[PDB]
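What follows is the residue order along each chain.
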Amino acid sequence: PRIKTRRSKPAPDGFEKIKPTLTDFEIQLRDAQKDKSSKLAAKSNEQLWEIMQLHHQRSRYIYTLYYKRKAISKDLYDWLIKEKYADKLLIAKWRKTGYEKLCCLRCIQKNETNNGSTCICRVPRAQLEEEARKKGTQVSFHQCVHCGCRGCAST
Amino acid sequence: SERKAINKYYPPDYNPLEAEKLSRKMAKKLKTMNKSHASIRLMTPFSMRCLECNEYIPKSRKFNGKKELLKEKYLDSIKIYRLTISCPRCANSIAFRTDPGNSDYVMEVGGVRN
Amino acid sequence: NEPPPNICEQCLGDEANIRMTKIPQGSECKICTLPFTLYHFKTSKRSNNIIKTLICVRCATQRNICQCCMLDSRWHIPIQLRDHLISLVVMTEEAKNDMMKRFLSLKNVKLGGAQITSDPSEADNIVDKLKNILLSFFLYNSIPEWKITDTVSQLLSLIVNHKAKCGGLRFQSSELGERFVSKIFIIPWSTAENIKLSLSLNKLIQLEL
Amino acid sequence: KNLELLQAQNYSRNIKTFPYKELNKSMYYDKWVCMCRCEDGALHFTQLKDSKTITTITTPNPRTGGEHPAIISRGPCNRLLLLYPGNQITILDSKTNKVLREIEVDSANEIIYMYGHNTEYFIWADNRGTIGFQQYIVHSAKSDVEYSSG
Amino acid sequence: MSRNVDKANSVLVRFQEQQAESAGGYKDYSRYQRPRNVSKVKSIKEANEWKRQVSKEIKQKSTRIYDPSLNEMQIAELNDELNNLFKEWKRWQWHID
Amino acid sequence: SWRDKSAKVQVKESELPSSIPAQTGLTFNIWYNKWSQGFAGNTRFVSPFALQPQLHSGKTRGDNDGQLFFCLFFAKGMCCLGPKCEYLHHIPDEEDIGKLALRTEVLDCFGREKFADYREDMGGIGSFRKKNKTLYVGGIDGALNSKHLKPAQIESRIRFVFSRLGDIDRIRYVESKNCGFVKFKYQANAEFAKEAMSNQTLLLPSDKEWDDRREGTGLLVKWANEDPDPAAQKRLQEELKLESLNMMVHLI
RNA sequence: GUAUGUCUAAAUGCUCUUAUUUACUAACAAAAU
Ligand SMILES: [Zn+2]
Ligand SMILES: [Zn+2]
Ligand SMILES: [Zn+2]
Ligand SMILES: [Zn+2]
Ligand SMILES: [Zn+2]
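Residues numbered from 1 in each chain as written, not as in the entry; some residues may be left out. Chains lettered and ligands numbered in written order. Part of a larger assembly, values for the part shown. Heavy atoms only, no water. Residues with missing side-chain atoms left out of burial classes, pairs and counts.

cryo-EM is the method the PDB entry states for this structure, with the resolution given as 10.0 Å.

This is the structure we're talking about:
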């Protein structure tokens, strides 16, 4: 979230109900945002991954309540979007087909990657597993370096 | 970083008096500062002969000497100093004293003036 | 202008498509310590750990070696060994010096042997020549412990000095030892005369220092 | 009849921290009880004399290998006595974080007691009953005892 | 504080050194004079350092005393100095541990 | 049998894996991570950890995926990743060695570039030019805290530590040089051993100086400069010849 | 413009003295009514 500066009205109707759920998130974030003296690259990456997951989760919760459950007013949702709470682009992506389970947006920036493609997470476990079986080796990848996303795919 | 530097950085806890005291405590232990024959750069006013190898070190020739305090002062409250030198060729310790009665120097078992 | 990378068949992989990136003046070559383009390939897409080129193309050419494997381009043998074989039928002296190594690298002579390996004529001839040329218990009475251990295992801590020639095997089990005896180079418990003498001599030698 | 939870923390049970006496802004002595958490090369010490005030002071850990002191005791004027294996004692100033002194006590036997509010000297004791002030020895080592504390 | 020595023994530097000694245990056994009477050094590490320093000194002495003007009296003097150094070293190899 | 012995490892947990440097100098240089403005301190300090491999060795995240290279940290005995480590945790067996024997010229069993020239002190990660399986052991006086031991005992200790770590070819303690030469079958194994035993105490729990093993300086484990005395040389030559023969056979 | 170079194996607190400095550096610059 951003800081309130009397720009937007404090909150629409149903914020008081959801606020305590997404205020747990804030605590988690706070725990995350600090020097965990990781002393090690992988460990360091893990905290970032965790943070990313947390970010995703809040958005999902919001998204779930507004679209799937539909228990929150449109206005409130809009307000949330305007604030830093939800991710707008991510939500949009989710709403689109084939991107519903989506760890993060930068796992589908095809420009970013060295090989002109999407993140592996986006490959359904099924396909990778099949490939592995064909080869001889076991399941090859666990989670990507952008965000911890073991089997991000929509399956 | 620059020779005319106004203020040297101090740590956030630097009780200056305390620091000084500490330094003093670790000055008796210290190697340099707790010794005699502290170095100096000086030209030679006497223009003299090195007594061992007869090397004729002339007037105004520059040397990295050792200045040491002579405990026995001149009169009362005006100090006199031993000023060690080495001859260029042979490494014999020449030196001289500054007795200010004549406004001049005295040779000290090093060489002879001529 | 740049020459091409010299990566061997076994080095590179078993597949009909590999993607690699070139990194111009990536690293310094290990031999020469002189900037050169790193090629680094992943072999199969998903198979972990990259294969970066460790040497400059020029150096590879000189030694006639894979830029990854550091093995003969032709026979896939360590430079020493390949060169040694040739000698047997003169070897390279890489000059391990800051300045001189670079100079050596820049020279283009094919150091030593490399020429022979390069040419079908010469390598083949060498090979032919080579072919022609070819055509608890103490233990007493040199060979390595990894062989001894293997032997013991087959028969089923294992100390062995060589100056002594006195191998005190300690299975630490009465079962293992009693199986070991029945299932079967002097081997007691915790030209024989000659052997004894030799052993004694060895012991003496061990004990004088 | 009523109790409340004031504090929960981790600590290092093997760091023996002796309770130090202290005089009030009135005229009696309060016992301060103390706990030490040694983590990430820092020492953390949660002290109290009663339920009203709980203080935690942080100090670096002077040892370069980051090994834990066996015994820690307060001395006068922010002095902190830190006993390390091999009978080595580091006096640290708890306000400056400066190392003041490093003393190696001359005893083959493990130091088992170290106290600083005895006030120019501290007292130490061997597991064999050598007692010294730091200096002089008031009692020599016996062969027939072992102590673990004092 | 020209000529470097002064700078070295300037108060700030001394303070810094002291701080280092306090926290972490950086001493410069080059910087302090080695003590005369051993057995006023309960720590082993310190003793070892001292020994090392004396060895270094001895080595230095050795390096210079084989200079070409061998008949000069400085060399002769050093010969005694060398002996003294050796003696010191020997002493430092005491049998407490 | 590391596979069926265990899965888990967790050698030294990520709470306490290491403090970063040890104070030489006055000030700490952020770019090199090394203390500056002074150099007083013998620097080599004994490892707080060690590889008790029978206990530790296990399946890893690497094993499943098909990693070649073994875990340096595991060898040292401080791999906080443990089962989620991508590098292998076991003593290099023969099969593994065989598998990575193509790459073993250019880089070690740890997947890190062997150099063209040896380090002047023979101190780390050997050259690709000279293949080697032969480790100089040194600072055994310092590694045992200046203990008055029998040379034989020392040798035995060395054997105990090193046999566990890899398939031994042959070992020699020397009184005169005050050293321990070890030779292995496989270069990779030797490398692993070196990694393990760098800065390690040779002492045991049963010894009286166990609690002050940290205060000493560890084993100085390095690469072996070939033995000059003639029998050894002859043996080496013979070995080389054999190797050559094998190569020839392979070729034809 | 505070030069430089070689050389290197891996007792504790205490206080009292000052209206100063055994101070060091000279690369920098040099005239009269
Ligand atoms: Zn994903
Ligand atoms: Zn993602
Ligand atoms: Zn991804
Ligand atoms: Zn290759
Ligand atoms: Zn690991």
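1. So, the overall build of chain C
This is how it is decided: Strands here are runs of E lasting at least two residues and helices are runs of H or I lasting at least four, both read from the DSSP assignment and numbered beginning at the N terminus. Restricting the calculation to C-alpha atoms gives the radius of gyration, and the globule rule supplies 2.2 Å times the number of residues raised to the power 0.38.
On a plain count of helices and strands, chain C comes out with nine helices and three strands. Taken over the C-alpha trace, chain C has a radius of gyration of 26 Å; the compact-globule value for 209 residues is 17 Å, which it surpasses by more than 25%. With the C-alpha coordinates aligned to their principal axes, the bounding extent of chain C is approximately 75 × 45 × 40 Å.

2. As for the overall build of chain F
Quick note on the threshold: Two residues form a contact once any of their heavy atoms are found within 4.5 Å.
Broken down by element type, chain F carries nine helices and six strands. In terms of C-alpha radius of gyration, chain F reaches 19 Å, essentially the compact-globule figure of 18 Å for 252 residues. In chain F, 64% of the contacts between residues at least 6 apart in sequence involve partners at least 24 apart.

3. Examining the interface of chain C and chain F
Stated precisely, the cut-off is as follows: Each residue is assigned to one class: nonpolar for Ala, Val, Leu, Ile, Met, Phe, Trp, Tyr, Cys and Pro, charged for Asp, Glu, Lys and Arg, and polar for all the others, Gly among them.
On the side of chain F, 31 residues touch chain C, which itself brings 36 residues to the contact. Every element with two or more residues in the side of chain C that touches chain F is listed here: α1 (9-12), α3 (79-88), α6 (120-134) and α7 (145-155) of chain C. Looking at which element gives the most residues to the side of chain C that touches chain F, the answer is α3 of chain C, with four residues. Looking at side-chain class alone, the side of chain C that touches chain F contains 20 nonpolar, eight polar and eight charged residues.

4. Quick notes on the UniProt feature "domain: RRM" in chain F
Quick reminder of the rule: UniProt positions are given in the numbering used here, feature names are shortened, and annotations may be inferred rather than shown by experiment.
Those residues carrying the UniProt feature "domain: RRM" are residues 133-226 of chain F in this numbering. What you have in residues 133-226 of chain F is 32% helix and 23% strand, and the ends, taken at the C-alpha atoms, are 11 Å apart.

5. Re the sheet that holds strand β6 (residues 220-223) of chain F
Residues and elements named next belong to chain F. What counts, and what does not: The pairing criterion for strands is at least two bridges between them, as found by DSSP. Axes, fitted as lines to C-alpha atoms, cover a helix only where it is in contact. Angles between the N-to-C directions of the axes lie from 0 to 180 degrees.
Read from one edge to the other, the open sheet built from four strands follows the order β4-β5-β3-β6, with strand pairing classed as antiparallel. Each having just a single partner strand, β4 (168-174) and β6 make up the two edges of the open sheet. Across the sheet, the axes of successive neighbouring strands diverge by a mean angle of 20°, strand direction being ignored. Two elements, β4 and strand β5 (residues 179-184), share six bridges in a ladder whose sense is antiparallel. Counterpart to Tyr-173 in the pairing with β5 is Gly-180. On top of the sheet, helix α8 (residues 187-197) reaches β3 (134-138), β5 and β6; it is set at about 155° to β6, its chief contact.

6. Here's the deal with the packing of aromatic side chains
Quick note on the threshold: To pair, rings of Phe, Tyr and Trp, with the six-membered ring standing in for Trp, must have centres within 6.5 Å; the planes then decide the type, stacked if under 30 degrees apart, edge-to-face if over 60, and tilted in the middle. Charge over a ring is defined by NZ of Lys or CZ of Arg lying within 6 Å of the ring centre and within 35 degrees of the ring normal.
Between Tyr-63 of chain A and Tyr-67 of chain A the ring centres are 5.0 Å apart and the planes differ by 35°, which places this aromatic pair in the tilted class. Here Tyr-63 of chain A and its partner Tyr-67 of chain A are both found in helix α2 (residues 41-68), four residues apart, which amounts to about one turn of the helix. In textbook terms, an aromatic cluster arises when at least three aromatic residues are bridged by ring pairs, as seen for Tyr-63, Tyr-66, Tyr-67, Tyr-77 and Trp-94 of chain A. The ring of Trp-210 of chain F carries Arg-213 of chain F above its face, with NZ or CZ at 3.9 Å from the centroid.

7. Focus: the packing of helix α1 (residues 15-32) of chain A against α2 of chain A
Residue and element names in this part refer to chain A. Definition in use: Here is the rule for angles: anything less than 35 degrees is roughly parallel, anything more than 145 is roughly antiparallel, 65 through 115 is roughly perpendicular, and the remaining ranges are oblique.
Interaxial distance between α1 and α2 falls to 10 Å at its minimum, and their mutual angle equals 170°. When the axes of α1 and α2 are compared, the pair comes out roughly antiparallel. Of the residues in α2, those touching α1 at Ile-18, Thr-21, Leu-22, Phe-25, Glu-26, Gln-28, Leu-29 and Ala-32 are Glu-50, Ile-51, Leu-54, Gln-57, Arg-58, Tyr-61, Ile-62 and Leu-65. For the contact of α1 with α2, the class distribution of residues is 10 nonpolar, three polar and three charged.

8. Description of the pairing of β5 of chain F
All names here are of chain F. Across four bridges, the pairing between β3 and β5 is antiparallel. Bridge pairing in β5 links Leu-135 to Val-182. Between the end of β4 and the start of β5, which pair antiparallel, lie four residues, with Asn-178 showing a positive phi angle near 70°.

9. Regarding the sheet that holds strand β5 (residues 54-60) of chain D
All names here are of chain D. Strand order across the open sheet formed by four strands is β2-β3-β4-β5, with antiparallel pairing between neighbours. Each edge of the sheet is formed by a strand with only one pairing partner; in this case those strands are β2 (20-23) and β5. Strand-to-strand twist in this sheet, taken as the mean axis angle between neighbours without regard to direction, amounts to 30°. Across seven bridges, strand β4 (residues 42-48) lies against β5 in antiparallel orientation. By the bridge assignment for β5, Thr-46 is matched with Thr-56.

10. Examining the side chain of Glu-209 of chain F
All names here are of chain F. For the record, the criterion: Distance and chemistry together define a polar contact, namely a pair of N or O atoms within 3.5 Å, with one atom able to donate a hydrogen and the other to accept it when in protein, and with adjacent residues in sequence counting only for side-chain atoms on both sides.
Position of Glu-209 among the secondary structure elements: in the loop between α8 and β6. At a separation of 2.8 Å, a polar atom in the side chain of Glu-209 contacts the side chain of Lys-147. Excluding residues within four positions of it along the chain, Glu-209 makes contact with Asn-145, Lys-147 and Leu-203.

11. Quick notes on α2 of chain A
Think of an α-helix as 3.6 residues a turn; residues three or four steps apart then line up on the same face. What counts is decided by this rule: How far a helix is expected to stretch is found by multiplying one less than its residue total by 1.5 Å.
Here α2 of chain A contains 28 residues, and its C-alpha end-to-end distance of 38 Å stays within 8% of the 40 Å for a straight helix at 1.5 Å per residue. Positive backbone phi, approximately 65°, marks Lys-70 of chain A, located one or two places after α2 of chain A.

12. Describing the interface of chain F and chain E
Each side of the interface is counted separately: chain F has 11 residues, and chain E has 11 residues. Counted by class, the side of chain F that touches chain E contains three nonpolar, seven polar and one charged residues.

13. Details of the packing of α2 of chain A against helix α3 (residues 74-82) of chain A
Residues and elements named next belong to chain A. Put simply, the rule is: Here a crossing is taken to be left-handed if its near helix is turned anticlockwise relative to the far helix by less than a right angle, and right-handed if that turn runs clockwise.
Taken N-terminus to C-terminus, the directions of α2 and α3 make an angle of 155°; their axes are 10 Å apart at the nearest point. On the basis of the axis angle, α2 is roughly antiparallel to α3. Between α2 and α3 lies a crossing whose hand is left-handed. Within the contact between the two elements, α2 uses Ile-62, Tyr-66 and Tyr-67 and α3 uses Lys-74, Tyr-77 and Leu-80.

14. Description of the state of the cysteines
To keep it simple, the criterion reads: Throughout, disulfides are identified as pairs of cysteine sulfur atoms within 2.5 Å of each other.
A sulfur-sulfur distance of 1.8 Å marks the disulfide that ties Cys-53 of chain B to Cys-90 of chain B. Judged by the sign of its S-S torsion, about -80°, the cystine formed by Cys-53 of chain B and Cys-90 of chain B is left-handed. A residue pair is termed long-range when its members are at least 10 positions apart, and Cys-53 of chain B in the loop between β2 (48-50) and β3 (56-57) and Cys-90 of chain B in the loop between β5 (81-86) and β6 (93-94) qualify at 37 residues. Bridging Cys-29 of chain C to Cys-32 of chain C, the disulfide has an S-S length of 1.4 Å. Looking down the S-S bond of the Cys-29 of chain C and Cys-32 of chain C bridge, the torsion is -125°, so its handedness is left-handed.

15. A few points about the pattern of salt bridges
Put simply, the test is: Any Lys or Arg side-chain nitrogen located within 4 Å of an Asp or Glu carboxyl oxygen qualifies as a salt bridge.
A salt bridge links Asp-98 of chain C to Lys-101 of chain C, with the nearest nitrogen and oxygen atoms 3.7 Å apart. The structure contains a network of salt bridges with shared partners spanning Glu-94, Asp-98 and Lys-101 of chain C together with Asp-117 and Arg-129 of chain F.

16. Observations regarding the environment of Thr-104 of chain F
Relative to the elements of secondary structure, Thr-104 of chain F occurs in the loop between α5 (94-99) and β3. If we skip the residues at most four places from it in the chain, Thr-104 of chain F touches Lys-114, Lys-131 and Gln-187 of chain F.

17. Some words on unusual backbone geometry
We note that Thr-33 of chain C has phi near 55°; this positive angle belongs to a residue other than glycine. As for its placement among the helices and strands, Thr-33 of chain C is situated in the loop between β1 (20-28) and β2 (35-41). If you check the backbone angles, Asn-178 of chain F has positive phi at about 70° while not being a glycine. When you line up the elements, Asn-178 of chain F lands in the loop between β4 and β5.

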